[PDB]
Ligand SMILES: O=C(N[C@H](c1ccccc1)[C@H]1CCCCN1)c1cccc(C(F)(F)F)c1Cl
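This document opens with one chain alone, in structure tokens, the form solved without SSR504734 (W5O).
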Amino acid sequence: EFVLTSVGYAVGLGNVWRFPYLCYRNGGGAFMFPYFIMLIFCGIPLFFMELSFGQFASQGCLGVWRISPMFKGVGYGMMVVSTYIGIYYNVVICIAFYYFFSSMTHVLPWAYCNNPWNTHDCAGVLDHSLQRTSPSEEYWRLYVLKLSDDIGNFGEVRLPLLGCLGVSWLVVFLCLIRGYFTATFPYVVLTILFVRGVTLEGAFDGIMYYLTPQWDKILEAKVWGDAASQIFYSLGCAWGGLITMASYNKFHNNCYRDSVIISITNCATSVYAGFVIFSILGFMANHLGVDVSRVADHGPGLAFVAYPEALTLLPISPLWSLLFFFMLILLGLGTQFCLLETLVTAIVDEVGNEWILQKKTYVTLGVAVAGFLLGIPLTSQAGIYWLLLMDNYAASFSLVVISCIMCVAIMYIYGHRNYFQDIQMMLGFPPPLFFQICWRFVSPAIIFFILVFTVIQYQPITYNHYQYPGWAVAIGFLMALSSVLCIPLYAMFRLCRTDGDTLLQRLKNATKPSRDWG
């Protein structure tokens, strides 16, 4: 039953919710081909490299950087990325909590729009007018989240969402002191949703659009940069917990097969989620009158505008809605629990002897209470504006760069021959020929090419799919740089303390693997 265990290791909210909206924003058909190219060459070998690095020396996200102590800032940068996804991941779960709790009525609220909080922009299937909105979209954009016209419009804090955030954080916190249905449940619900949709009118037009590619946007750096964003965010690379949970693996394990299987099931689940989502989008375009490419607003909420519509059409809809949103909550809670456990362990490990080690529960409460206070702005009226900016800036591309430096920290600093000999001690065979060439040359250079295009050469004002004010993009750029500046700054700190005068010969000393390594 190893496949079942590997199936539930990779499935989370990073592909059920993030992948559909990312694909729709990037065009769908023009995103899968870059996604498929990115997954095979840079993201499958990086996953294996991270797994092997964690498995060889049993150490957490940091502390394992004795292969090159000067680059210990890479591990610190990983926790900064993990922290950023630790304060807005819950808000995704909290919206699921609001949707889960609101489905207990006789009928789902997002079924008929004869409600006080709608305008005359409704089409309806169970029921002057231009660009009609789906009944589920208005219930989301006007009741679940009272939207504002700009980021600087906090206004009134949404009380029910604040309560849901408190409940979710308390549930996560109480699941840390105390310690089927986890890998087959998401697939059953996704299959049930797949039987629906594809049998509805106009669904095929929204299916090909998800598949057929356009040879016009495959050259732009935005699509390739975002494809690496999803292939890394939804795979756990550079998150920080990939190495930490790999530390508990045995020495003579088979990390190659584990990595291959986990990546394959993750990609298959992401493709299945996209296939289910785009089935509904075609039906929405057919019944609304607009085309598929303009039927849903490009933004963080697409799993809450497309999925709820599908569940409505099913017989005895409230039970199916409860099951689906409970599945989403379970996946989000599992991923958040893993992330918080890894962060708490990494923080706790490198502190003083006893006064901040035996009282691990208190520091866990402090971490679990810092996220709640930091998550209050995300639950306000201008909530998804901040979450989307945090998603698209903080944990969008840094995960690539932080990993890319890793791919250079061992192959061209530690020594690729030394690392290749190191894996041969783990297994009965040396690393496969595909991973040897891809690690050294094919993968990192590709990242650098994006770093050549998406940074300086090809960054017009068009690189903002939305229209944020100057302060918003400034804070987003600072957040993006906050998780990457930890690598050169820690190197400078090491160079300021290392013993020596030339500091060129000592640069070898500061990068030579430590005696603790092995």
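All residue numbers refer to positions in the sequence shown, first residue = 1.
Where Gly179 is followed by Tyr180 in the displayed chain, the model omits 4 to 9 of the deposited residues that sit between the two. Per the record, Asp127 and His128 are separated by 10 or more deposited residues that are missing from the model.
Unshown form solved in complex with SSR504734 (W5O); subsequent notes refer to it.
For this ligand-free form, the site is classified blocked because SSR504734 (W5O), superimposed from its arrangement in the entry with it bound, has three or more atoms within 2.4 Å of the backbone and C-beta atoms. Heavy atoms within 4.5 Å of SSR504734 (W5O) in the entry with it bound belong, among the stretches 199 to 207, 286 to 294, 101 to 109, 87 to 95, to residues of 87 to 95. This chain appears without its partner; in the entry with it bound, the one residue of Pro300, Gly282, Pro186, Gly75 with a heavy atom within 4.5 Å of SSR504734 (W5O) is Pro300. Contact with SSR504734 (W5O) in the entry with it bound, judged by any heavy atom within 4.5 Å, is made by just one of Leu387, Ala382, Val276, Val144: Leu387. Although the partner is absent here, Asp391 is a contact residue: one of its heavy atoms lies within 4.5 angstroms of SSR504734 (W5O) in the entry with it bound.
In the entry with it bound, SSR504734 (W5O) sits beyond 4.5 Å of every heavy atom of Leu311. At the 4.5 Å threshold, heavy atoms of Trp17 reach SSR504734 (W5O) in the entry with it bound. In the entry with it bound, at least one heavy atom of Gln230 sits within 4.5 Å of a heavy atom of SSR504734 (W5O).
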